[PDB]
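# Structural overview
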2 protein chains.
Amino acid sequence: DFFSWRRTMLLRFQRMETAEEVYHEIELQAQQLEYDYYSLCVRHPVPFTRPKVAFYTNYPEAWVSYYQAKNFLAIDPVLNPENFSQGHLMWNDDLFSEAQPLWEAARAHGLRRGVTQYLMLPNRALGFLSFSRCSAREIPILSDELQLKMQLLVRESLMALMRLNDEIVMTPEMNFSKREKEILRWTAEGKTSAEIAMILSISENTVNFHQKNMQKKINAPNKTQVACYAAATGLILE
Amino acid sequence: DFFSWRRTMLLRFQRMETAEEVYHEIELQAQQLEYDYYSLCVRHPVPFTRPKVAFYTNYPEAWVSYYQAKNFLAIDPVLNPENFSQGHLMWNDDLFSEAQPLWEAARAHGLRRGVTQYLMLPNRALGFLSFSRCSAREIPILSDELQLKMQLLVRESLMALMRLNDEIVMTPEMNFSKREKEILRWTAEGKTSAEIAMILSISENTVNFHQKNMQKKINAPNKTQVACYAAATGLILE
């Protein structure tokens, strides 16, 4: 019965104290579903210009190196949300048509069958969970069951990794005060320092001080990078 | 069996052609679960300073007016994601401790029991689906079943409303070109016009033209409101 699985899995992921426990449980789960490999890959919303990509996987280490060397990330259909239905994507041959070097290379390292599930996280990072397999051997699993289990799996592992503050999920930290974020919102709303000073009954200098303070913390050139970063990662709102 | 419910519901929401069909189906679903009322409320990520809140509900119309008049939105615990587990929130008395005028007033208009489910949408809007009920009469439903059904319901109705472009879900539109968004990313990354001109091999004037163009479209005072808006709603990335 799906329901008790769900409940068991919710608690198990609740209790965990390390990243290594999370990864180890994903691996276990992949095996219950007769997959050999898992990959947990997270695309950050920032930097806007080259988004951070962090992963943990037990793929053959040679495959990780080769995949990076050829920069397959750019063409990986399995990491493009546009290809998904219901947050689910079953690998097959057509999927790879726009990426034939990847397909070949993946098979050459023994990734024959696969599947991925994605989720956007509360911080706007996209998390992808892939399972793949050595054998082309048919393993009948109910489509609906795999889907729902992976749904839970990708979410729970990633929420745990967040609770644990792991480097794979965390966006740049913006430890900002009530007043700083308030200034930041009016900035994102297109208000000038003068205008903010008016709105908040504090001097233009103080507004500017707060601005430079936020920039020091996050090491940003100007207010606009700060506001964008807060806006993209959810840190800007109330 | 949950699985065929799911599959029936996926297709039904797929096929819909109007908002009014979506709302009517939610109402139906609420009734199958012996609730009288539904509410579909969506908190937008923008304006940053007073986020848009749009809803469709069949609550008693007098309750909608009263709720607004007393500005209960500000204190509504049922619309605050911090209160949720697994995107689910069962109404009860403790929940309302920080909001006792709301609790009384809600009961006085006959909202006795209730439940809400939320979801962050691909555009970063938060969608909430509430069911409530007239009677305090005990209706045994498996916690896990309600949860999963509402999960599907809140997501599907809101995705349909998006496919349909309904005013309740849509963020301000930013019909921008490849080049405009490219300029926008470097802006959000804190780059100056001069620097962008360098990076893109085009003149400072042209960069500025693009900037003013984006501002005209969206009626924004400066580049920084534009970039923030694109960053918050997902429109800025690749």
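Residues numbered from 1 in each chain as written, not as in the entry; some residues may be left out. Chains lettered and ligands numbered in written order. Heavy atoms only, no water.

Per the PDB record, the structure was determined using X-ray crystallography to 2.70 Å resolution.

Okay, the interface of chain B and chain A next. You'll often see interface size given as the accessible area lost when the parts meet. Tallying the contact residues gives 40 residues for chain B and 40 residues for chain A. Ranking the residues of chain B by area buried against chain A places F48, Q86 and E189 of chain B at the top, with a combined share of 19%. The tally of links between chain B and chain A comes to two salt bridges. Here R7 of chain A makes a salt bridge to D144 of chain B, at a shortest N to O gap of 2.5 Å. Scanning the region where chain B abuts chain A turns up twelve residue pairs in polar contact. (Contact = heavy atoms within 4.5 Å. Buried area = accessible area lost by both parts, 1.4 Å probe. Salt bridge = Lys/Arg side-chain N within 4 Å of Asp/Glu carboxyl O. Polar contact = N/O pair within 3.5 Å; in protein donor to acceptor, adjacent residues only side chain to side chain.)

Here we come to the domain arrangement of chain A. All names here are of chain A. One can read the domain layout of chain A as domain 1 (1–172) and domain 2 (173–238). Distance between the C-alpha centres of domain 1 and domain 2: 36 Å. Contact with domain 1, which involves nine residues of that partner, is made by ten residues of domain 2. Taken together, both faces of the contact between domain 1 and domain 2 bury some 700 Å²; the carbon and sulfur share is 65%. Considering only the surface of domain 1 that becomes buried against domain 2, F48, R124 and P172 emerge as the three largest contributors, covering 67% of it. Joining domain 1 to domain 2, the criterion identifies zero salt bridges. (Domains from an automatic or database assignment.)

Our focus in this paragraph is the UniProt feature "DNA-binding region" in chain A. As annotated in UniProt, the feature "DNA-binding region" corresponds to residues 193–212 of chain A in the numbering used here. The span residues 193–212 of chain A is 85% helical and 0% strand by assignment, and the distance between its end C-alpha atoms comes to 12 Å. (UniProt positions renumbered as here; feature names shortened; annotations may be inferred. Helix = DSSP H or I, 4+ residues; strand = E, 2+ residues; numbered from the N terminus.)

Residue and element names in this part refer to chain A. Every buried residue belonging to helix α4 (residues 100–108) is among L102, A105 and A106, and all of these are buried. Taken around the axis of α4, the buried residues stretch over an arc of 105°, which confines them to a single face. Within α4, the exposed residues directed more than 90 degrees away from the buried face are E104 and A108. Packing partners of the buried residues in α4 comprise α3 (61–69). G110 sits one or two positions beyond α4 and adopts a positive phi of about 85°. (Buried < 20%, exposed > 50% of the residue type's maximum accessible area, 1.4 Å probe, protein only. Arc of directions from axis to C-beta.)

Attention now moves to the relation of the copies chain B and chain A. Note on the copies: chain B fits chain A at an RMSD of 0.0 Å, the axial shift is 0.0 Å, and the rotation between them is 180°. Classification of the inter-copy transformation places it as that of a two-fold axis. A symmetric contact is evident, with 100% of the interface residues of chain B recurring at the interface of chain A. (Least-squares fit on C-alpha atoms.)

Quick look at the pattern of salt bridges now. Residues and elements named next belong to chain A. Scanning all chains against the criterion turns up 16 salt bridges over all chains. Of the charged contacts in the structure, one is a salt bridge between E25 and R12, with a shortest N-O distance of 2.6 Å. Taken together, the residues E25 in helix α2 (residues 19–32) and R12 in helix α1 (residues 2–15) connect sequence positions 13 residues apart. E25 gets classed as buried once you look at its relative accessible area, which sits at 9%. Under the relative-accessibility criterion, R12 is labelled partly exposed at 33%. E145 is the salt-bridge partner of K149, the closest N and O atoms lying 2.7 Å from each other.

Let us now look at the sheet that holds strand β5 (residues 126–133) of chain B. Residue and element names in this part refer to chain B. If you walk across this open sheet you meet the five strands as β2-β1-β5-β4-β3, and the pairing is antiparallel. Looking at strand neighbours, the two that pair on one side only are β2 (53–57) and β3 (88–90), the edges of this open sheet. With strand direction ignored, the average angle separating the axes of adjacent strands in the sheet is 15°. In this structure, β3 lies alongside strand β4 (residues 113–120), joined through three bridges in antiparallel fashion. What sits directly across from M90, in β4, is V115. (Pairing = 2+ DSSP bridges. Axes fitted to C-alpha atoms, helices over the stretch in contact; angles between N-to-C directions.)

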